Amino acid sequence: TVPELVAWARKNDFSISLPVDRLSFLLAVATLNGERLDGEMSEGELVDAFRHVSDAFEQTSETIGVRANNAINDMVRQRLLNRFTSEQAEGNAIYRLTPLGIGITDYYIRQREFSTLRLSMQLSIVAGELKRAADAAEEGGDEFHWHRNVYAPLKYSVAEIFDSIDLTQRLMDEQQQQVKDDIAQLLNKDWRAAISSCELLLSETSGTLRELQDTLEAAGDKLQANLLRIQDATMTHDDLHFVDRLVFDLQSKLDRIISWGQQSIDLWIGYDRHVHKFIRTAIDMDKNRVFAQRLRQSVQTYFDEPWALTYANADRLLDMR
C-alpha cells in the first residue's frame, strides 16, 4: 500500500543508526567476516574488532567493555548482526552479518565491477538461458517441465543477471558522480591548467556510457524477442500465471534498464555542455583566477567600508482604485 507501509515500519520500529564510528565497526566486522574460512565470528573476535576501531578514534580505554557491548547490542536490535549462543565459541557466542548487514557492508567493501566485457558476457549468458527457455517453453511438457525448464531459469538465472546488470548501472552512476567531483576539484586547484584533464575525464566517460548503451541495444531485442515467444507459449496453457508475470517483469526491467542507459548519456551531455560554458565564462575571462580570488576576500572585508550599486528606478504609475 502507501501509508500502510509507514505504520508497518513504525509498528516494527524499523530504523538504522550508524555514526562514523559504528559504521566503521560494522565495516571492520565484514572485512574479517569476508576472510572467513575457519567458521563464524566469535564474541571474542567482535570485541577484539571493536577494540581496534575504538583505538582508531583516540578515546578512553577502560569504557571499551561496556561500549563494545552496547554497540554489538544495538547492531543486533537494528537487525544488522545476528547472535547465536555457543559454548564452544570464545565468548560463548557467534555473530553473523544479517542480510541487511551484508547489504550495507557490501556497498563499501565489496570491490566495484566496471567492465563492458562483463556486461557483454552477462548479456550473452542471459541470451542463452533465454533462448533455451523459449524453445523449451513451446516444446511443452508436464508440470515439472515448466517449473524446471522455463520458470526456474528465468527466475533464478535471468532475473538474477538483470538485477546485476541493473546494479552495475547504479554503480556506473556513482562513478559518474565521482568523475564530476574529480573535475570540480581539478578545476578548483589548477584553474585554467586543469582544462586539459577535465576534457579527458569528460571525453572518457562519454565513450564509456556509449559502449555500454550500444551493447544493451545490440542484445536488447534479440532478448526481448524470446521473452515474447515464451509470453506466447502461455497464451495456450493459460493457468500458468507465475510464468507469465515473470516474463512481464523481466520485460519491464529490461526496458527500464535500456531506457535509463539512454537517459544517462543524454544527461551527461547536459553536464559536459555546462562544463564547457563554465570554462568559457569563469576561467577564460579570468585566466589566473585573480578576479574570483579578490571577489571572495571582498566578501569578508565588505563591512570595513560598505558600498552599494546604483540602478535606475522609475516611479511606478499611481492609479485610482
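Residue numbers here begin at 1 and follow the sequence given.
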{"query": "135-143 set against 178-186, stretch whose average Cα temperature factor tops the other in the entry", "finding": "135-143"}
{"query": "Mean C-alpha temperature factor, higher of 91-99 and 246-254", "finding": "246-254"}
{"query": "Residue, from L201, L240, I161, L119, that the PDB entry assigns the highest Cα B-factor", "finding": "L240"}
{"query": "Out of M172, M235, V126, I104, residue topping the C-alpha B-factor column of the entry", "finding": "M235"}
{"query": "CA B-factor placement of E35, once the chain's modelled residues are sorted into thirds", "finding": "highest"}
{"query": "Position of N73 among the chain's modelled residues by C-alpha B-factor, lowest, middle or highest third", "finding": "middle"}
{"query": "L46 CA temperature factor, ranked by third within the chain", "finding": "middle"}
{"query": "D319 - which third its CA temperature factor falls in, relative to the rest of the chain", "finding": "middle"}
{"query": "CA B-factor placement of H274, once the chain's modelled residues are sorted into thirds", "finding": "lowest"}
